[PDB]
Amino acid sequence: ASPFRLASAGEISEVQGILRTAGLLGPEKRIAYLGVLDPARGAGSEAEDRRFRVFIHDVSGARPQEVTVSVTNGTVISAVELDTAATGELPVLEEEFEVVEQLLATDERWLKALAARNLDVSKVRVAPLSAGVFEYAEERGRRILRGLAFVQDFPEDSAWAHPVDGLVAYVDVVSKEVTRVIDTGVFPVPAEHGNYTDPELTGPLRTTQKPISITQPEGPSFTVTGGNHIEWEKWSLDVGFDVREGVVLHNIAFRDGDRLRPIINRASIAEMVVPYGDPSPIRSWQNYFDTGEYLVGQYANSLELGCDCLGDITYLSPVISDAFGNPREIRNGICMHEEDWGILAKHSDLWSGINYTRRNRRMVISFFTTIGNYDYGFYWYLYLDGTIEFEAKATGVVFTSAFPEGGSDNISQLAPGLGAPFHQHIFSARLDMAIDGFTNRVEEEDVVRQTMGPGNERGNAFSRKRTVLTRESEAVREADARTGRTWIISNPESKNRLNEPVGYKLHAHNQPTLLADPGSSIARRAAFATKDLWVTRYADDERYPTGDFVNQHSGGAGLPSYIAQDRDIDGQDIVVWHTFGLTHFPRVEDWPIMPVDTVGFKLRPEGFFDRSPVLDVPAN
């Protein structure tokens, strides 16, 4: 019944049939993206209309299309032909990955480069990487991938231990042409293996770990209804899934006594970029837009009980489309569970004699994706006290290079002759706010130091200041950890019992933002990553901070163009975009498989409730 239900296999099958009957899904067509559209703003929307947005690629070279279909009515709403030289190429297709290695295997320049290095072409794996936009005029309007080579000594070998430096190739994957092969010089291929399941490397496995058993003998405290609607400890929300963004949370609300109070209308990770900081021409173009170029939802892992998710686990198995419109299930792709989270509140009072302890809990919604060498876990947490938190967990195998004789200012050494280029992992959270409703504003809160003097004779006072962001042109903000800077999202029309506007405070980790030069290609294409906080006025079509078509788009799309409209955001329907990331100088301990590192943000109530919201938690 819910407009926010997960897409079903039958819905995707019907999209396929509609596209087919309409003549838009011939044998030369490929679906590069398919997803359900959210309902438009309408607090009286009764008629069910499930609409899907599709990006259709053409393998023969014809122009691609963007199509919207109504599966409820069995109709095509609109279909637009795309000029990709202007608006950007479609996301990379899974089937285009294999094409790069196969094309290069018959190119005489590639084979000559491998022969000079005494490498058997049958053992050379090619990582197919997005191209970006640089100096090659012949690439505009063409679907390009760039390839970097790694040697696999045997079929179960970790090829990442054996980069082939000094060599890169560019490939047109539509016309199947190798456009350039660049060979800058012979580097030794690092010889040590990185096989983290080889006993020669692990040594004898530990026998000292005893089991930790986490069970819920009466079942979990949350309920799931309608497939994806969660109720847990006064929280209410819908768990969505999109092939581009991954897990999306809808309609996050909190039951405060009799009233269901909205907090966040839609929360997602709307982009994530991995820029590399090695100036070598072999890699200086390397920037992954994992969400926008690759689509992180389509590479989601099936999560194994007891290994990936421990405890009493409830799974969702989202359905996506393959390249031909057939539904594909990602079995056990989302884990949901609650877990103990230590002490919530504690006080032992001398005067009253009362000793009081309560425990905390959090609800966890998670999925994991794998893009080539990297694996990312996305975790949303809901706490008893009203806190919402997101955490990204980065693991996998670091991207490698040769370690140059004489060292490097931009590459870490991991093993003899083996390097790991410096890079960042930067995320954009898109938070469509609805604090007690849609009339919201953002205030920037700084600590204020005060000077010793009249009214502050002992020099102990300090205070704080709040600045309302009133228009989009002034709503591009930077972190300031030294002044304790946070941002408050409030509803000026909804007051708590002290007659103060209700609000939530955003706490950032204050990690560095994009380090690249402001004139670089990546700074233009990932402009969102240069500032910690952006606020826009809500609009239906302003979905991603990098625009709809990120692959090989020249720049400026997304947030810089939205913000230019300079719309009123003071007590309006607004969207908060928070940039946060990890700056990774790889360490020896990251090799040959990297222990998890984390980054995130959290939102805490700030006078949203009339008192602590967890006074009714029992002692248990």
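From 1 onward, residues are counted along the sequence shown. Rigid core: the largest C-alpha set superposing within 1.5 Å between the two forms.
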Which of 552 to 560 and 50 to 58 lies farther from this form in 7 other deposited structures of this protein, as RMS of C-alpha positions after a rigid core fit: 552 to 560
411 to 419 versus 114 to 122 - which carries the larger mean C-alpha B factor in the record: 114 to 122
Stretch with the higher entry mean CA B-factor, where the candidates are 80 to 88 and 336 to 344: 80 to 88
Out of 386, 141, 297, 188, highest CA B-factor residue: 141
Per the PDB entry, maximal CA B factor within 61, 586, 35, 581: 61
Chain-wide C-alpha B factor ranking for residue 595, given as lowest, middle or highest third: lowest
B-factor third for the C-alpha atom of residue 446 within its chain: lowest
Chain third (lowest, middle, highest) by recorded CA B-factor, residue given as residue 54: middle
Where the record places residue 576 (Cα B-factor, split into thirds across the chain): lowest
Relative C-alpha B-factor of residue 406, binned into the chain's lowest, middle or highest third: highest
